[PDB]
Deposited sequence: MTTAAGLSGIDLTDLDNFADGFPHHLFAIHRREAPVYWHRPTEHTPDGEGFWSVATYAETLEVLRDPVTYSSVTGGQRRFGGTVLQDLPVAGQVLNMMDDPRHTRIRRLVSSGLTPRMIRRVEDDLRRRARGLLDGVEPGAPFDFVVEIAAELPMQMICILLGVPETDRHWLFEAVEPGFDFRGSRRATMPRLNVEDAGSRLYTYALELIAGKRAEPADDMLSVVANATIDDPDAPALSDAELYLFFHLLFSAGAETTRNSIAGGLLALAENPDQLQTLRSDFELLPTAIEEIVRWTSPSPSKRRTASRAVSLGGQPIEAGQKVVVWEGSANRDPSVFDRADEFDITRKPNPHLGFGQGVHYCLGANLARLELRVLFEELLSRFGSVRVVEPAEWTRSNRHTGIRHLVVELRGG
């Protein structure tokens, strides 16, 4: 570990670096990572790589805050302290967290879920019908990015005419245009309430807080869910025999989808801040210190998962942390599973041959594990 820098993104440019985390779990499940030139804020942090300790942190939001602690003015849930800590749901603590979380969940109505599902079915079929068998194409740009972006446009109530602002955002100007458009959409919901999540929250927060919420959702669909779809396809391509088994029996799909989420772990790390002295993994943490947990590593901890380094679509049980755990548990878990189920039903219905014909290209990040391009041939 002394020679390993978990903040050096050159180590994450080719996928989540599982080999480094095998060393981390073996050598020191919890340890103090000194800051390097690559470390946000030039400040060290406790790094947590094993499942039991990761789960312990996630399950104690009072000790391990998503806002701040000690003398630290602001924190949040990435390693860089952010002044928007305390102002968006995933960087909030009780009592305001419980209130806003319930308001957000009140927007995920059965009719909204049906609206998303109906659209998803129609679109997945259209896209898969358009595939030319045997002809290489970039599955990320043409399919994996498209479906969940449309899902979040429905949840947020973005009209077809205006969806390009969102696509274009996935340059500083692109970001400013997304921001400006989001503020216009939010004011529009205030003027004319609608039956969607943004309206629910806007009409219950400042516009700035509503933007943070908008972007949280936009990112969850446009990036995290896209990453699970692309990585699920890559995993199945790398395991053709399981692809065949799953194609032969879609009743296997729910268990397979949990294994895709464990395997891909698209959101592989989270930061918290200690609010008081506490011990974790037998080490003493002081109020104010940063704690980073690595669900991407926890999800391959062999203390918890048998043959943890193997993809197995029949895996049971499968208590993965890919959607988090505790009071901030992912509010979109069933929507993500829905996206994966519909896509793989439709894809595996038509194709039982998936070949990746160029090396996968990955996003360079230790906060997201994602594939930027994945050229495949489907037969």
Q) Where are the holes in the model when you compare it to the deposited sequence? A) 1-6, 177-194, 229-237, 413-414
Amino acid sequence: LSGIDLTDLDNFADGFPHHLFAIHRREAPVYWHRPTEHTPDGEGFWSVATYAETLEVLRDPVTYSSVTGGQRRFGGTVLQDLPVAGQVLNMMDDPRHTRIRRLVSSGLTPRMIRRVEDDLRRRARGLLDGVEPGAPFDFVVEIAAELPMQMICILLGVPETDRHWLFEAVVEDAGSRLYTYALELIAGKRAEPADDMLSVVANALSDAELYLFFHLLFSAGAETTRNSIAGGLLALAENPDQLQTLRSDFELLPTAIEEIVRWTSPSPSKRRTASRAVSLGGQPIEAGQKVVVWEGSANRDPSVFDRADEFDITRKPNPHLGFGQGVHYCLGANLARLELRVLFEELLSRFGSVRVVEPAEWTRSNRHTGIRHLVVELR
From here on, numbers count along this sequence of modelled residues.
(Q) Compared with other deposited entries of this protein, is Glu172 missing coordinates in at least a third of those that cover its neighbours? (A) yes
Q.
Quick test of your reading: does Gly69 have no coordinates in a third or more of the other entries compared?
A. yes
Q. Which has the higher mean CA temperature factor in the PDB entry, 92-100 or 304-312?
A. 304-312
Q: Mind pulling up the entry and telling me whether 221-229 or 136-144 has the higher mean Cα temperature factor?
A: 136-144
(Q) I'd like to know which of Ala208, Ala274, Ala194, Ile257 has the highest C-alpha temperature factor in the PDB entry. (A) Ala194
Q: For the C-alpha B-factor as written in the entry, point me to the maximum among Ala298, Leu108, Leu127, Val84.
A: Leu127
Q | Chain-relative CA temperature factor third for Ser349 | A | highest
Q: Sort the modelled residues of this chain by their C-alpha B factor and say whether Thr264 lands in the lowest, middle or highest third.
A: lowest
Q | Ranked C-alpha temperature factor of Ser365 among modelled chain residues, by third | A | middle
Q: Can you work out whether the C-alpha temperature factor of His24 puts it in the lowest, middle or highest third of the chain?
A: middle
Q: Could you say whether, by C-alpha temperature factor, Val342 belongs to the lowest, middle or highest third of its chain?
A: highest
